[PDB]
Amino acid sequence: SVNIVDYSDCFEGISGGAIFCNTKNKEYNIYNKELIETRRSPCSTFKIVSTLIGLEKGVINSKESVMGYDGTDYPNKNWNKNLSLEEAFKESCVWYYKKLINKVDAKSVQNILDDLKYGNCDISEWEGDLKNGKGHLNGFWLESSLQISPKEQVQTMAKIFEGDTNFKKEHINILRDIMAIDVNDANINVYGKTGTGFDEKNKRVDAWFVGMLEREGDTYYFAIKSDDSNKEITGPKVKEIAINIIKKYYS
């Protein structure tokens, strides 16, 4: 059933929530239900879905696929090269995913998000939050018009990885490959993606870790989310919290 749980010890004083769902036995474990139901920008967690869009549309084809780096200078060393899908995903390389999505027409993206029930499915601000001054390093998924709740993230993850969408199984497997995480515990498989943004209206972070976990037959889909007012709280910090929860309660 739906169990309300207390994972606050693992959050070590940071404000947030968590939801874990096992769809075989319909076990919903929820910490901070209000937050779990609140829609926010997905930030870089949207790269999970953008990857599948690019694969389905043929813009990319494998974890080796490239997007034609043009020499633009970036402060992240690893963005300055013709990187593969696998490396762009793990580096959260914004230029790679912006070029990818701008090869896809807006109607196709709208219909895919509608089919996935991806939050408000609002792509109206296609080029993103331009008032932050970052120009082409912006898009509808980065503190802009698209918003989704942690509950809805888990529901989307489950539909994708349980095979209930029309995405090709080959493409799902590419995603699984590039999302795998090493947590120094061979008895569980963890997959996920971080995201980091700052909600300027509410003066709160949107710090995310969303993904799935396999252990001994069972699979849990999960979303961990902070909304702290402390700007030091990032996606990577929230991934730490998620792994602590997994090791304590799901091992």
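In case it trips you up, residue 1 is the first one in the sequence shown, and so on.
Taking the PDB entry as given, 1 to 9 carries the higher mean Cα B factor of the two stretches 240 to 248 and 1 to 9.
Here 34 to 42 and 197 to 205 are compared by their mean Cα B-factor, and 197 to 205 comes out higher. Note on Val183, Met67, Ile48, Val210: the highest value goes to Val183, judged by CA B factor as recorded.
Going by the entry's values, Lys131 shows the largest Cα B-factor out of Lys131, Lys117, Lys159, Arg176.
The entry lists a Cα temperature factor for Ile188 that places it in the highest third of the chain's modelled residues. When the modelled residues of the chain are ordered by their C-alpha B factor, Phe222 lands in the lowest third.
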